[PDB]
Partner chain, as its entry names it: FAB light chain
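Okay, here we've got a single chain as structure tokens, the form deposited without its partner chain, with questions on binding and movement later.
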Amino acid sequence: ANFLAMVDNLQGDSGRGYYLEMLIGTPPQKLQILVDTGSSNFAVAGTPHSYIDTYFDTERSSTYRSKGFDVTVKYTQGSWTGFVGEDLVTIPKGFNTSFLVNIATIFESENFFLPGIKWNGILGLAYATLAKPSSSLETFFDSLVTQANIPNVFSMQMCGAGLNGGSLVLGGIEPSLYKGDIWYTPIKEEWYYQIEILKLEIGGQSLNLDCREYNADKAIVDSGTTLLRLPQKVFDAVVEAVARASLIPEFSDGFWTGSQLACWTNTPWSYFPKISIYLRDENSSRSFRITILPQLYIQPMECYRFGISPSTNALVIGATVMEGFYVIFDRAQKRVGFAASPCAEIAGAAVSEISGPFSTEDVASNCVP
């Protein structure tokens, strides 16, 4: 593997996703694949659909083999059913050889191929235990780690910078994508990339919630989620704190729910507070904080939408937070790394910060229930 050749291997943005070019079958068919750290299947369109240009035609691949079974995957607000097979895949921006992997080819779906997408499948990079129909279906990254002789690590940089593609470095860390220190937080549970959130701070003030409220369902790092998603009680506390700290006198209730845009003539970002998320260090007595500036949560659409949404379920660190950071998914060492992204800059200003260490003596030793 060549990590320098992986720089700028993603196209897209937080609106419609970050996607990787993949070549599938013999002769190769080129697909555009969403990079998804919140799922564990490699699944591609196998039939024509309204919101896609191309699909993988298994009949045109001489190396494709059918496993003889289907899989149905269901999400909140969507689903698909596909045939499960095996074929050879190359990733041209990083590798020089092909690898044998499992592939699901989608023949029916609901709410999956959304309006506006440039991708026609998904690359699930989470752990085997989320794979469907079961964890015996070898995941793409498990196949790649073995067959390509790479370390069990990948890293991601998203350069949309709250509006320039990105990089998926399969097998390691590219030094040219960050400056300063990488801070590591333990993976609490290897399914999603579940990490432990200790504290949220808005404009320098703590929310003063029990730290279990940040982890109750789970806190995860998910490149296939657009917004920062917060459990309802955390969301309401954040909204209250943003409205108190902001130099805008009035926000509508509809602004916070995404029903109304906030509009100005000639930049709103100086009128909003920084938002900080504190993560436990590998030493449990230390934490570090990842900080997003208003640029990452007051999103241009000049009119602006709120870049945070309430969750029925989990606390999700999605693409818009990830647009601030080089994120290292260190599966081998059971940890997630963060460094501030040099590309996370708008109008000459960094849109994110990282700092530490801070003491965890005032917080419980386990914030997951």
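The term rigid core refers to the most C-alpha atoms you can superpose between the two forms while keeping them within 1.5 Å. Only residues modelled in both forms are compared. Positions refer to the first chain, counted from 1.
Another form exists, solved in complex with its partner chain; not displayed. Remarks below refer to it.
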*Just to confirm, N164 within 4.5 Å of its partner chain in the deposited bound form by heavy atoms?*
no
*Taking heavy atoms only, is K74 within 4.5 angstroms of its partner chain in the deposited bound form?*
no
*Taking the shortest heavy atom distance, is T257 within 4.5 Å of its partner chain in the deposited bound form?*
yes
*Can any non-hydrogen atom of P268 be found within 4.5 angstroms of its partner chain in the deposited bound form?*
yes
*Sort through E174, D236, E201, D210 and report the residue having a heavy atom within 4.5 Å of its partner chain in the deposited bound form.*
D236
*Using heavy atoms only and a 4.5 Å cut-off, determine which of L230, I298, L168, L293 is in contact with its partner chain in the deposited bound form.*
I298
*Kindly indicate whether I277, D330 and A339 are, all three, within 4.5 angstroms of its partner chain in the deposited bound form, using heavy atoms.*
no
*Taking the partner as it appears in the deposited bound form, which of 283 to 291, 236 to 244, 180 to 188, 202 to 210 has residues with heavy atoms within 4.5 Å of its partner chain?*
236 to 244
_Which one of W80, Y192, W256, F140, by Cα shift of 2 Å or more between the shown form and the other one, core superposed_ = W256
*Looking in the deposited bound form, are the Cα atoms of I248 and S259 closer together or farther apart than here, the change being 3 Å or more?*
closer
*Where do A237 and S252 end up in the deposited bound form, Cα atoms closer or farther than shown, with a change of 3 Å or more?*
farther
*asked:* Residues present in both forms only, core superposed, 2 Å C-alpha shift required: which runs of three or more differ between the shown form and the other one?
replied: 75 to 77, 249 to 266
